[PDB]
Structure formats: C-alpha cells, structure tokens
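File shown here: query.cif, holding mmCIF, N, CA and C atoms.
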```
data_target
#
loop_
_atom_site.label_atom_id
_atom_site.label_comp_id
_atom_site.auth_asym_id
_atom_site.auth_seq_id
_atom_site.Cartn_x
_atom_site.Cartn_y
_atom_site.Cartn_z
N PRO S 1 -26.42 15.62 5.47
CA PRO S 1 -26.01 16.97 5.03
C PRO S 1 -24.64 17.31 5.63
N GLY S 2 -24.47 17.00 6.91
CA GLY S 2 -23.19 17.26 7.55
C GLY S 2 -22.28 16.05 7.42
N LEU S 3 -22.66 15.13 6.54
CA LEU S 3 -21.90 13.90 6.31
C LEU S 3 -20.61 14.18 5.58
N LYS S 4 -19.50 13.69 6.12
CA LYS S 4 -18.20 13.90 5.50
C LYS S 4 -17.58 12.59 5.04
N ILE S 5 -17.15 12.56 3.78
CA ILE S 5 -16.53 11.40 3.18
C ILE S 5 -15.14 11.84 2.72
N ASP S 6 -14.09 11.29 3.34
CA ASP S 6 -12.74 11.67 2.96
C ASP S 6 -12.26 10.89 1.73
N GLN S 7 -11.07 11.23 1.26
CA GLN S 7 -10.52 10.58 0.07
C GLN S 7 -10.22 9.11 0.27
N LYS S 8 -9.84 8.73 1.49
CA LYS S 8 -9.55 7.34 1.75
C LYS S 8 -10.83 6.54 1.53
N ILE S 9 -11.93 6.99 2.14
CA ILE S 9 -13.22 6.31 1.99
C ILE S 9 -13.75 6.40 0.56
N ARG S 10 -13.58 7.55 -0.09
CA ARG S 10 -14.03 7.70 -1.47
C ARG S 10 -13.38 6.61 -2.34
N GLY S 11 -12.11 6.33 -2.07
CA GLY S 11 -11.41 5.31 -2.83
C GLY S 11 -11.91 3.89 -2.62
N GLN S 12 -12.42 3.59 -1.43
CA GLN S 12 -12.92 2.25 -1.11
C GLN S 12 -14.36 1.96 -1.51
N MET S 13 -15.15 3.01 -1.75
CA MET S 13 -16.55 2.84 -2.11
C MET S 13 -16.82 1.93 -3.30
N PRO S 14 -16.25 2.25 -4.47
CA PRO S 14 -16.47 1.43 -5.66
C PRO S 14 -15.99 -0.02 -5.55
N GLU S 15 -14.97 -0.26 -4.73
CA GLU S 15 -14.44 -1.61 -4.57
C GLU S 15 -15.22 -2.41 -3.52
N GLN S 16 -15.87 -1.72 -2.59
CA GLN S 16 -16.61 -2.41 -1.54
C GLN S 16 -18.13 -2.41 -1.71
N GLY S 17 -18.58 -2.02 -2.90
CA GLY S 17 -20.00 -2.02 -3.20
C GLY S 17 -20.85 -0.83 -2.77
N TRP S 18 -20.24 0.33 -2.54
CA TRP S 18 -21.02 1.51 -2.13
C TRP S 18 -20.96 2.71 -3.07
N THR S 19 -22.05 3.47 -3.10
CA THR S 19 -22.14 4.69 -3.90
C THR S 19 -22.49 5.77 -2.88
N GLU S 20 -22.31 7.04 -3.22
CA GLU S 20 -22.64 8.08 -2.26
C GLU S 20 -24.14 7.99 -1.89
N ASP S 21 -24.99 7.73 -2.88
CA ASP S 21 -26.42 7.61 -2.62
C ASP S 21 -26.69 6.41 -1.71
N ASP S 22 -25.91 5.35 -1.87
CA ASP S 22 -26.07 4.17 -1.03
C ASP S 22 -25.83 4.54 0.44
N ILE S 23 -24.80 5.34 0.69
CA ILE S 23 -24.49 5.73 2.06
C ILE S 23 -25.59 6.60 2.66
N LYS S 24 -26.10 7.54 1.86
CA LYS S 24 -27.16 8.41 2.36
C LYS S 24 -28.45 7.63 2.62
N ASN S 25 -28.81 6.73 1.70
CA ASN S 25 -30.02 5.93 1.86
C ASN S 25 -29.92 5.06 3.11
N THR S 26 -28.75 4.48 3.35
CA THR S 26 -28.56 3.64 4.53
C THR S 26 -28.69 4.42 5.83
N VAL S 27 -28.14 5.63 5.87
CA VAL S 27 -28.23 6.45 7.07
C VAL S 27 -29.69 6.84 7.31
N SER S 28 -30.43 7.07 6.23
CA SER S 28 -31.84 7.44 6.32
C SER S 28 -32.71 6.34 6.90
N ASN S 29 -32.20 5.12 6.88
CA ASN S 29 -32.95 4.00 7.42
C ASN S 29 -32.91 3.97 8.94
N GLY S 30 -32.16 4.90 9.54
CA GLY S 30 -32.10 4.95 10.99
C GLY S 30 -30.94 4.22 11.67
N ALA S 31 -30.54 4.75 12.82
CA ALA S 31 -29.45 4.20 13.60
C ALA S 31 -29.78 2.78 14.05
N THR S 32 -28.87 1.85 13.79
CA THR S 32 -29.09 0.45 14.16
C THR S 32 -28.10 -0.03 15.21
N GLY S 33 -27.20 0.86 15.61
CA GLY S 33 -26.22 0.51 16.61
C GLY S 33 -25.34 1.68 16.97
N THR S 34 -24.31 1.40 17.76
CA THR S 34 -23.37 2.41 18.20
C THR S 34 -21.97 1.80 18.33
N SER S 35 -20.97 2.66 18.46
CA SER S 35 -19.60 2.21 18.65
C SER S 35 -18.70 3.40 18.89
N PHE S 36 -17.42 3.23 18.61
CA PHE S 36 -16.48 4.32 18.81
C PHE S 36 -15.57 4.45 17.61
N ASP S 37 -15.17 5.68 17.32
CA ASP S 37 -14.26 5.93 16.23
C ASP S 37 -12.91 6.06 16.92
N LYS S 38 -12.08 5.05 16.74
CA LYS S 38 -10.76 5.02 17.35
C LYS S 38 -9.69 4.96 16.27
N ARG S 39 -9.97 5.58 15.13
CA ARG S 39 -9.03 5.57 14.01
C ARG S 39 -7.65 6.14 14.34
N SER S 40 -6.62 5.48 13.80
CA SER S 40 -5.24 5.91 13.99
C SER S 40 -5.01 7.19 13.21
N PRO S 41 -3.95 7.94 13.56
CA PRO S 41 -3.61 9.20 12.90
C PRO S 41 -3.49 9.08 11.38
N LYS S 42 -2.84 8.01 10.93
CA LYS S 42 -2.63 7.79 9.51
C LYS S 42 -3.94 7.63 8.74
N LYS S 43 -5.02 7.34 9.44
CA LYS S 43 -6.30 7.14 8.78
C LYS S 43 -7.32 8.27 8.98
N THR S 44 -6.85 9.42 9.44
CA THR S 44 -7.74 10.57 9.64
C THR S 44 -7.21 11.78 8.84
N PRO S 45 -7.22 11.66 7.49
CA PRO S 45 -6.78 12.61 6.46
C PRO S 45 -6.75 14.09 6.85
N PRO S 46 -6.14 14.95 5.99
CA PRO S 46 -6.04 16.39 6.26
C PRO S 46 -6.37 16.74 7.70
N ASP S 47 -5.60 16.14 8.60
CA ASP S 47 -5.79 16.29 10.04
C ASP S 47 -4.67 15.43 10.64
N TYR S 48 -4.74 14.13 10.37
CA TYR S 48 -3.74 13.15 10.82
C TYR S 48 -3.51 13.11 12.33
N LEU S 49 -4.47 13.59 13.12
CA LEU S 49 -4.31 13.59 14.57
C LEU S 49 -5.04 12.46 15.29
N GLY S 50 -5.73 11.60 14.55
CA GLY S 50 -6.45 10.51 15.18
C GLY S 50 -7.82 10.93 15.70
N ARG S 51 -8.62 9.95 16.11
CA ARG S 51 -9.95 10.22 16.62
C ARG S 51 -10.16 9.46 17.92
N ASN S 52 -11.03 9.99 18.77
CA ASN S 52 -11.34 9.40 20.06
C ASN S 52 -12.82 9.71 20.36
N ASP S 53 -13.71 9.31 19.46
CA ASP S 53 -15.12 9.65 19.63
C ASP S 53 -16.18 8.56 19.59
N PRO S 54 -17.36 8.86 20.15
CA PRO S 54 -18.44 7.88 20.12
C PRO S 54 -18.98 7.98 18.70
N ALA S 55 -19.61 6.91 18.22
CA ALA S 55 -20.13 6.92 16.86
C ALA S 55 -21.46 6.19 16.74
N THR S 56 -22.14 6.41 15.63
CA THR S 56 -23.42 5.78 15.36
C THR S 56 -23.24 4.87 14.15
N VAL S 57 -23.84 3.69 14.22
CA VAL S 57 -23.75 2.69 13.16
C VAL S 57 -25.06 2.66 12.39
N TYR S 58 -24.96 2.55 11.07
CA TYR S 58 -26.14 2.48 10.22
C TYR S 58 -26.05 1.22 9.35
N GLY S 59 -27.20 0.61 9.09
CA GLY S 59 -27.21 -0.59 8.27
C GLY S 59 -27.28 -1.86 9.10
N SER S 60 -26.69 -2.93 8.57
CA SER S 60 -26.69 -4.21 9.24
C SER S 60 -25.32 -4.88 9.18
N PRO S 61 -25.10 -5.94 9.97
CA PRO S 61 -23.82 -6.66 9.99
C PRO S 61 -23.27 -6.94 8.60
N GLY S 62 -22.04 -6.49 8.34
CA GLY S 62 -21.43 -6.72 7.04
C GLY S 62 -21.85 -5.72 5.98
N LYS S 63 -22.92 -4.98 6.27
CA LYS S 63 -23.47 -3.98 5.36
C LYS S 63 -23.75 -2.75 6.21
N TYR S 64 -22.69 -2.07 6.65
CA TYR S 64 -22.87 -0.92 7.52
C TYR S 64 -22.00 0.29 7.25
N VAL S 65 -22.38 1.39 7.90
CA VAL S 65 -21.68 2.65 7.79
C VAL S 65 -21.51 3.13 9.23
N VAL S 66 -20.32 3.62 9.57
CA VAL S 66 -20.07 4.12 10.91
C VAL S 66 -19.79 5.62 10.77
N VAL S 67 -20.49 6.44 11.55
CA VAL S 67 -20.33 7.88 11.48
C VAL S 67 -19.93 8.50 12.81
N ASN S 68 -18.83 9.24 12.80
CA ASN S 68 -18.32 9.90 13.99
C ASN S 68 -19.35 10.92 14.51
N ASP S 69 -19.80 10.74 15.74
CA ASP S 69 -20.81 11.65 16.31
C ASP S 69 -20.37 13.11 16.37
N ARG S 70 -19.11 13.35 16.69
CA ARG S 70 -18.61 14.73 16.77
C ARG S 70 -18.33 15.37 15.41
N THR S 71 -17.66 14.64 14.53
CA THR S 71 -17.27 15.16 13.21
C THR S 71 -18.23 14.96 12.03
N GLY S 72 -19.02 13.89 12.04
CA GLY S 72 -19.92 13.64 10.92
C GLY S 72 -19.18 12.86 9.86
N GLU S 73 -17.90 12.61 10.10
CA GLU S 73 -17.07 11.85 9.18
C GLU S 73 -17.46 10.38 9.20
N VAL S 74 -17.33 9.72 8.06
CA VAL S 74 -17.61 8.30 7.97
C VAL S 74 -16.33 7.60 8.43
N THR S 75 -16.40 6.83 9.51
CA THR S 75 -15.20 6.15 9.99
C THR S 75 -14.94 4.85 9.23
N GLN S 76 -16.00 4.15 8.84
CA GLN S 76 -15.83 2.92 8.09
C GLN S 76 -17.06 2.45 7.33
N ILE S 77 -16.84 1.92 6.14
CA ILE S 77 -17.91 1.32 5.35
C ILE S 77 -17.44 -0.13 5.25
N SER S 78 -18.32 -1.09 5.51
CA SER S 78 -17.95 -2.49 5.41
C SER S 78 -17.87 -2.90 3.94
N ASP S 79 -17.30 -4.06 3.68
CA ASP S 79 -17.19 -4.54 2.31
C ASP S 79 -18.39 -5.42 2.03
N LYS S 80 -19.36 -4.87 1.31
CA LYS S 80 -20.56 -5.63 1.00
C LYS S 80 -20.32 -6.81 0.06
N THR S 81 -19.16 -6.86 -0.59
CA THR S 81 -18.85 -7.98 -1.49
C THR S 81 -18.15 -9.14 -0.77
N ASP S 82 -17.69 -8.89 0.45
CA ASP S 82 -17.01 -9.92 1.24
C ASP S 82 -18.03 -10.58 2.17
N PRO S 83 -18.43 -11.83 1.87
CA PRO S 83 -19.40 -12.53 2.72
C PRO S 83 -18.83 -12.95 4.06
N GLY S 84 -17.50 -12.97 4.16
CA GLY S 84 -16.87 -13.35 5.41
C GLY S 84 -16.51 -12.16 6.27
N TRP S 85 -16.98 -10.98 5.89
CA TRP S 85 -16.67 -9.77 6.64
C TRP S 85 -16.95 -9.89 8.13
N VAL S 86 -15.97 -9.53 8.94
CA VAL S 86 -16.13 -9.57 10.38
C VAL S 86 -16.40 -8.14 10.84
N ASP S 87 -17.45 -7.95 11.63
CA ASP S 87 -17.76 -6.62 12.11
C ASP S 87 -16.65 -6.08 13.00
N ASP S 88 -16.44 -4.77 12.97
CA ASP S 88 -15.42 -4.17 13.83
C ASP S 88 -15.86 -4.47 15.26
N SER S 89 -14.90 -4.76 16.14
CA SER S 89 -15.19 -5.13 17.53
C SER S 89 -15.80 -4.03 18.40
N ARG S 90 -15.76 -2.79 17.94
CA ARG S 90 -16.32 -1.71 18.73
C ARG S 90 -17.81 -1.56 18.50
N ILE S 91 -18.30 -2.14 17.40
CA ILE S 91 -19.72 -2.04 17.07
C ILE S 91 -20.64 -2.79 18.05
N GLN S 92 -21.68 -2.10 18.49
CA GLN S 92 -22.68 -2.64 19.40
C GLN S 92 -24.03 -2.53 18.70
N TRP S 93 -24.58 -3.67 18.28
CA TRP S 93 -25.86 -3.65 17.60
C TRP S 93 -26.99 -3.48 18.59
N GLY S 94 -27.96 -2.64 18.22
CA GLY S 94 -29.09 -2.39 19.09
C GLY S 94 -30.15 -3.47 19.02
#
```

Would it be possible to restate this file's structure as structure tokens?
Amino acid sequence: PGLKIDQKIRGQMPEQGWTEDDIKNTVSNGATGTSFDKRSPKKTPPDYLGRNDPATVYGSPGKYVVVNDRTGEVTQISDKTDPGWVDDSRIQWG
C-alpha cells in the first residue's frame, strides 16, 4: 500500500519481466533478505538527492525486489529474463 514505484522503475518493468501485480505478489511472499539502498542522486527521481537507507529484499536470486525501509520506494527489480543476472552486492539473503 505504501509501495512507491517511480518512473525509472515503471520503464524497466515490461522489459525485465515484471508487472505491478507481480511486484505486489512477490512482496506478499515475505521478506527473504536485506540490504541497503545506496542509489546515486541521478537515480532517485523528483528528489535527486540520493539515498542512504537499509532495505528489505523480496523474492529470490535473480528474481527479486528491493524496497527502501524508510521510503517504501522500490530501489531495484532484477531482470528476470537475464539468466546471468548478478545479484547486487549489498543484498544479504536470509
């Protein structure tokens, strides 16, 4: 409900195999890990000030969603169509 999807992420969803319902269903499956949202200013829309927050990971390796604990913003959706996808280094699987 407090989930925020910016325009940058909205643009990547259809190309990386995600739908808004897909993101909600994945989050509903429960937290599977943790990490940090260290996005650069250029990647934090209508704000552009960058992020420095802890985050929760949903899904599984290569098929995940990262949500900023403070903002509720989605920091990253992995590319489900890329089998060689490397997980972001900040992700800690539980």

Exercise. Based on DSSP run over this structure's backbone, return all residues of chain S in strand (DSSP E or B), as a list in words.
Key: residues 4, 31, 32, 33, 34, 35, 36, 37, 53, 54, 55, 56, 57, 58, 59, 60, 63, 64, 65, 66, 67, 68, 73, 74, 75, 76, 77, 92 and 93 of chain S

Next, write the just-selected residues to a file, as a PDB file, in the coordinates of the input, keeping N, CA and C atoms as the atom set.
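Below you can see result.pdb, which holds the result:
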```
ATOM      1  N   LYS S   4     -19.500  13.690   6.120  1.00  0.00           N
ATOM      2  CA  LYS S   4     -18.200  13.900   5.500  1.00  0.00           C
ATOM      3  C   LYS S   4     -17.580  12.590   5.040  1.00  0.00           C
ATOM      4  N   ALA S  31     -30.540   4.750  12.820  1.00  0.00           N
ATOM      5  CA  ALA S  31     -29.450   4.200  13.600  1.00  0.00           C
ATOM      6  C   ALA S  31     -29.780   2.780  14.050  1.00  0.00           C
ATOM      7  N   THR S  32     -28.870   1.850  13.790  1.00  0.00           N
ATOM      8  CA  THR S  32     -29.090   0.450  14.160  1.00  0.00           C
ATOM      9  C   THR S  32     -28.100  -0.030  15.210  1.00  0.00           C
ATOM     10  N   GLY S  33     -27.200   0.860  15.610  1.00  0.00           N
ATOM     11  CA  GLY S  33     -26.220   0.510  16.610  1.00  0.00           C
ATOM     12  C   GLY S  33     -25.340   1.680  16.970  1.00  0.00           C
ATOM     13  N   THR S  34     -24.310   1.400  17.760  1.00  0.00           N
ATOM     14  CA  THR S  34     -23.370   2.410  18.200  1.00  0.00           C
ATOM     15  C   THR S  34     -21.970   1.800  18.330  1.00  0.00           C
ATOM     16  N   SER S  35     -20.970   2.660  18.460  1.00  0.00           N
ATOM     17  CA  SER S  35     -19.600   2.210  18.650  1.00  0.00           C
ATOM     18  C   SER S  35     -18.700   3.400  18.890  1.00  0.00           C
ATOM     19  N   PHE S  36     -17.420   3.230  18.610  1.00  0.00           N
ATOM     20  CA  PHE S  36     -16.480   4.320  18.810  1.00  0.00           C
ATOM     21  C   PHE S  36     -15.570   4.450  17.610  1.00  0.00           C
ATOM     22  N   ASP S  37     -15.170   5.680  17.320  1.00  0.00           N
ATOM     23  CA  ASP S  37     -14.260   5.930  16.230  1.00  0.00           C
ATOM     24  C   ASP S  37     -12.910   6.060  16.920  1.00  0.00           C
ATOM     25  N   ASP S  53     -13.710   9.310  19.460  1.00  0.00           N
ATOM     26  CA  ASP S  53     -15.120   9.650  19.630  1.00  0.00           C
ATOM     27  C   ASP S  53     -16.180   8.560  19.590  1.00  0.00           C
ATOM     28  N   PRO S  54     -17.360   8.860  20.150  1.00  0.00           N
ATOM     29  CA  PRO S  54     -18.440   7.880  20.120  1.00  0.00           C
ATOM     30  C   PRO S  54     -18.980   7.980  18.700  1.00  0.00           C
ATOM     31  N   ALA S  55     -19.610   6.910  18.220  1.00  0.00           N
ATOM     32  CA  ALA S  55     -20.130   6.920  16.860  1.00  0.00           C
ATOM     33  C   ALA S  55     -21.460   6.190  16.740  1.00  0.00           C
ATOM     34  N   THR S  56     -22.140   6.410  15.630  1.00  0.00           N
ATOM     35  CA  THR S  56     -23.420   5.780  15.360  1.00  0.00           C
ATOM     36  C   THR S  56     -23.240   4.870  14.150  1.00  0.00           C
ATOM     37  N   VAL S  57     -23.840   3.690  14.220  1.00  0.00           N
ATOM     38  CA  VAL S  57     -23.750   2.690  13.160  1.00  0.00           C
ATOM     39  C   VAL S  57     -25.060   2.660  12.390  1.00  0.00           C
ATOM     40  N   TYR S  58     -24.960   2.550  11.070  1.00  0.00           N
ATOM     41  CA  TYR S  58     -26.140   2.480  10.220  1.00  0.00           C
ATOM     42  C   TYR S  58     -26.050   1.220   9.350  1.00  0.00           C
ATOM     43  N   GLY S  59     -27.200   0.610   9.090  1.00  0.00           N
ATOM     44  CA  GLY S  59     -27.210  -0.590   8.270  1.00  0.00           C
ATOM     45  C   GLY S  59     -27.280  -1.860   9.100  1.00  0.00           C
ATOM     46  N   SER S  60     -26.690  -2.930   8.570  1.00  0.00           N
ATOM     47  CA  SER S  60     -26.690  -4.210   9.240  1.00  0.00           C
ATOM     48  C   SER S  60     -25.320  -4.880   9.180  1.00  0.00           C
ATOM     49  N   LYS S  63     -22.920  -4.980   6.270  1.00  0.00           N
ATOM     50  CA  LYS S  63     -23.470  -3.980   5.360  1.00  0.00           C
ATOM     51  C   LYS S  63     -23.750  -2.750   6.210  1.00  0.00           C
ATOM     52  N   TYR S  64     -22.690  -2.070   6.650  1.00  0.00           N
ATOM     53  CA  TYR S  64     -22.870  -0.920   7.520  1.00  0.00           C
ATOM     54  C   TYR S  64     -22.000   0.290   7.250  1.00  0.00           C
ATOM     55  N   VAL S  65     -22.380   1.390   7.900  1.00  0.00           N
ATOM     56  CA  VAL S  65     -21.680   2.650   7.790  1.00  0.00           C
ATOM     57  C   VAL S  65     -21.510   3.130   9.230  1.00  0.00           C
ATOM     58  N   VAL S  66     -20.320   3.620   9.570  1.00  0.00           N
ATOM     59  CA  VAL S  66     -20.070   4.120  10.910  1.00  0.00           C
ATOM     60  C   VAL S  66     -19.790   5.620  10.770  1.00  0.00           C
ATOM     61  N   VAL S  67     -20.490   6.440  11.550  1.00  0.00           N
ATOM     62  CA  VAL S  67     -20.330   7.880  11.480  1.00  0.00           C
ATOM     63  C   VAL S  67     -19.930   8.500  12.810  1.00  0.00           C
ATOM     64  N   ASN S  68     -18.830   9.240  12.800  1.00  0.00           N
ATOM     65  CA  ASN S  68     -18.320   9.900  13.990  1.00  0.00           C
ATOM     66  C   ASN S  68     -19.350  10.920  14.510  1.00  0.00           C
ATOM     67  N   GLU S  73     -17.900  12.610  10.100  1.00  0.00           N
ATOM     68  CA  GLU S  73     -17.070  11.850   9.180  1.00  0.00           C
ATOM     69  C   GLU S  73     -17.460  10.380   9.200  1.00  0.00           C
ATOM     70  N   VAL S  74     -17.330   9.720   8.060  1.00  0.00           N
ATOM     71  CA  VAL S  74     -17.610   8.300   7.970  1.00  0.00           C
ATOM     72  C   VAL S  74     -16.330   7.600   8.430  1.00  0.00           C
ATOM     73  N   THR S  75     -16.400   6.830   9.510  1.00  0.00           N
ATOM     74  CA  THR S  75     -15.200   6.150   9.990  1.00  0.00           C
ATOM     75  C   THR S  75     -14.940   4.850   9.230  1.00  0.00           C
ATOM     76  N   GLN S  76     -16.000   4.150   8.840  1.00  0.00           N
ATOM     77  CA  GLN S  76     -15.830   2.920   8.090  1.00  0.00           C
ATOM     78  C   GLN S  76     -17.060   2.450   7.330  1.00  0.00           C
ATOM     79  N   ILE S  77     -16.840   1.920   6.140  1.00  0.00           N
ATOM     80  CA  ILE S  77     -17.910   1.320   5.350  1.00  0.00           C
ATOM     81  C   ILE S  77     -17.440  -0.130   5.250  1.00  0.00           C
ATOM     82  N   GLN S  92     -21.680  -2.100  18.490  1.00  0.00           N
ATOM     83  CA  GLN S  92     -22.680  -2.640  19.400  1.00  0.00           C
ATOM     84  C   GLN S  92     -24.030  -2.530  18.700  1.00  0.00           C
ATOM     85  N   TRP S  93     -24.580  -3.670  18.280  1.00  0.00           N
ATOM     86  CA  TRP S  93     -25.860  -3.650  17.600  1.00  0.00           C
ATOM     87  C   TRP S  93     -26.990  -3.480  18.590  1.00  0.00           C
TER      88      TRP S  93
END
```

Go through range 54-78 of chain S residue by residue and, counting all atoms listed in the file, keep those with an atom at most 5 Å from range 21-43 of chain S; for each kept residue give the shortest atom pair and its distance in Å to one decimal, ordered by chain and increasing number, as a tab-separated table.
```
residue	atom	partner	partner_atom	distance
S:54	CA	S:36	CA	4.3
S:55	N	S:35	C	3.7
S:56	CA	S:34	CA	4.4
S:57	N	S:33	C	3.7
S:58	CA	S:32	N	4.5
```

Quiz prompt | alpha helix (DSSP H) positions in chain S, given as a PyMOL selection string | solution = chain S and resi 7-12+20-28

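Those residues that approach range 77-80 of chain S to within 7 Å, counting all atoms listed in the file, are residues 15, 16, 17, 18, 62, 63, 64, 65, 66 and 85 of chain S; same-chain residues fewer than 5 positions away are not listed.
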
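The shortest atom-to-atom distance to residue 75 in chain S, with only C-alpha atoms taken into account, belongs to S:6 out of S:46, S:6, S:1, S:89.
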
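Coordinates place CA of residue 82 in chain S at a distance of 21.4 Å from CA of residue 5 in chain S.
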
First collect every listed atom of range 41-57 of chain S; then fit an axis-aligned box around them, widen it by 5 Å on each side, and give centre and edge lengths in Å to one decimal, as AutoDock Vina command-line options.
```
--center_x -13.8 --center_y 9.7 --center_z 13.2 --size_x 32.4 --size_y 24.1 --size_z 24.4
```

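Put simply, CA of residue 91 in chain S is 9.4 Å away from CA of residue 61 in chain S.
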
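CA of residue 45 in chain S lies 25.2 Å from CA of residue 81 in chain S.
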
Practice problem: Quick one: apply the PyMOL selection byres ((chain S and resi 4) around 6) to the file and drop the selected residues here as a VMD selection string. | Solution: chain S and resid 2 to 3 5 to 6 72 to 74

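Here the question is which of S:7, S:60, S:19, S:12 gets nearest to residue 94 in chain S using only C-alpha atoms, and that residue is S:60.
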
Written coordinates, C-alpha atoms of range 10-32 of chain S as a PDB file, in the first residue's frame:
```pdb
ATOM      1  CA  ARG S  10       7.997   1.812 -14.297  1.00  0.00           C
ATOM      2  CA  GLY S  11      10.009   1.967 -17.517  1.00  0.00           C
ATOM      3  CA  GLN S  12      12.073  -1.141 -16.694  1.00  0.00           C
ATOM      4  CA  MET S  13       9.194  -3.406 -15.619  1.00  0.00           C
ATOM      5  CA  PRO S  14       7.948  -4.524 -19.059  1.00  0.00           C
ATOM      6  CA  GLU S  15      11.495  -5.108 -20.317  1.00  0.00           C
ATOM      7  CA  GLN S  16      12.648  -7.049 -17.247  1.00  0.00           C
ATOM      8  CA  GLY S  17       9.613  -9.310 -16.891  1.00  0.00           C
ATOM      9  CA  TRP S  18       7.613  -7.534 -14.160  1.00  0.00           C
ATOM     10  CA  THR S  19       4.044  -6.238 -13.788  1.00  0.00           C
ATOM     11  CA  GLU S  20       2.734  -4.155 -10.892  1.00  0.00           C
ATOM     12  CA  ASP S  21       0.799  -7.221  -9.674  1.00  0.00           C
ATOM     13  CA  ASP S  22       3.995  -9.258  -9.939  1.00  0.00           C
ATOM     14  CA  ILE S  23       5.757  -6.871  -7.561  1.00  0.00           C
ATOM     15  CA  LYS S  24       2.917  -6.915  -5.044  1.00  0.00           C
ATOM     16  CA  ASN S  25       2.587 -10.717  -5.157  1.00  0.00           C
ATOM     17  CA  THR S  26       6.337 -11.101  -4.602  1.00  0.00           C
ATOM     18  CA  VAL S  27       6.352  -8.772  -1.595  1.00  0.00           C
ATOM     19  CA  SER S  28       3.393 -10.720  -0.171  1.00  0.00           C
ATOM     20  CA  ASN S  29       5.530 -13.842  -0.177  1.00  0.00           C
ATOM     21  CA  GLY S  30       7.557 -12.372   2.672  1.00  0.00           C
ATOM     22  CA  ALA S  31      10.976 -10.836   3.261  1.00  0.00           C
ATOM     23  CA  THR S  32      13.741 -13.148   2.041  1.00  0.00           C
TER      24      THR S  32
END
```
